[PDB]
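Worksheet for the structure shown next.
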There are 2 protein chains.
Amino acid sequence: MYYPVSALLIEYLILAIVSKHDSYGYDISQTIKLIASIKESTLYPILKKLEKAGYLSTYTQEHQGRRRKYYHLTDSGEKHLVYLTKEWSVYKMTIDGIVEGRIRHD
Amino acid sequence: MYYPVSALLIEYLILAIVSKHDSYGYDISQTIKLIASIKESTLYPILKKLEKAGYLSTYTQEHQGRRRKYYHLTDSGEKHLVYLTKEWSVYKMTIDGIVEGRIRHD
């Protein structure tokens, strides 16, 4: 809620979410809306970007009587997700490190 | 480096940094540049904002033979920093929660 979630972090979230199981956009969006204020019109292009970049592949599948577009984390996506997770870890520790006083320039 | 740092998070960092000890801008900026790509022209207005909002008070003090503008975390700032820390904690857990699969809409 308070802090914004950057598009890059959204990608992290999407890939992370999709890594649990293949999921359709609305599902990803609903879970992302838990921490982010992002419009579908911002989210779906991000999904598309991730697909184009090869991290997500997509297929259709009936779900509750309507064909949904499912996203699936490719191996490329999996490798990338590790990087994003790692960078997220670093981001966190660095912020916490700065915040707690350990981390200072020089 | 990878993930961007929002202005709101910068505020968190500034207040957190200033909470350790009073510090002048360059000092805060140098430590913030450790995790953020932010220009002085973006940082200093943020410092100013935090001052205006009452979270930082300022004074001058000679440091290495030049008067520096020091920032000091007010009690108001301290209370606010707790909130930002708290919100940061929530942000982190929520992201990690989503990323690790615990957190899903519904």
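Side chains are part of it too, since the values below use all heavy atoms of this structure and drop only hydrogens, waters and symmetry mates. Chain naming here is simple, since letters A, B, ... match the order of the sequence lines and numbering starts at 1 in each.
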State whether the side chain of B:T31 and the backbone N or O of A:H105 hold a donor-acceptor pair below 3.5 Å, judged by distance alone.
-> yes
Can you name the closest pair of heavy atoms from B:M93 and B:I103 and give their distance?
-> O-CD1, 4.0 Å
Contacting region of A:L81 [heavy-atom separation from chain B under 4.5 Å] | neither
If you check every heavy atom in residues 12-22 of chain B against those of chain A, which residues fall under 4.5 Å?
-> B:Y12, B:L13, B:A16, B:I17, B:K20
When the 4.5 angstrom heavy-atom criterion is applied to B:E11 and chain A, the contacting part is side chain
How far apart are the C-alpha atoms of B:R68 and B:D27, what are their side-chain angles, what is the distance that settles it, and do they pass the side-chain contact (heavy atoms from CB on, under 4.5 Å) test?
-> CA-CA 10 Å; B:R68 299 291 211 144; B:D27 203 25; over 6 Å; no
Most contact-rich option vs chain A, by heavy-atom pairs under 4.5 angstrom, among B:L84, B:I98, B:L9, B:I95, is B:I95
Just by modelled atom types, is the A:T85 backbone N or O under 3.5 Å from a matching donor or acceptor in the A:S89 side chain?
-> no
Using only heavy-atom distances, determine whether the side chains of A:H63 and A:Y24 contain a donor-acceptor pair under 3.5 Å.
-> yes
In plain terms, say whether A:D96 and A:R102 are close enough for a salt bridge, that is, a side-chain N and a carboxylate O under 4.0 Å apart.
-> no
What is the ring orientation for A:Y83 with B:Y2, classed by angle as parallel under 30°, tilted 30 to 60°, or perpendicular over 60°?
-> perpendicular
Of the non-hydrogen atoms in B:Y55 and B:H80, which two are nearest, and what is the gap between them?
-> CE1-CD2, 3.3 Å
Heavy-atom donor-acceptor pair, B:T74 side chain to B:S57 backbone, under 3.5 Å | no
Quick one: does B:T94's side chain have a donor or acceptor within less than 3.5 Å of a partner on B:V90's backbone?
-> yes
Sorted by number, residues from residues 42-49 of chain A in contact with chain B (heavy atoms, under 4.5 Å) | none
Looking at A:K92 and B:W88, what are the two nearest heavy atoms and their distance?
-> CA-CZ2, 4.1 Å
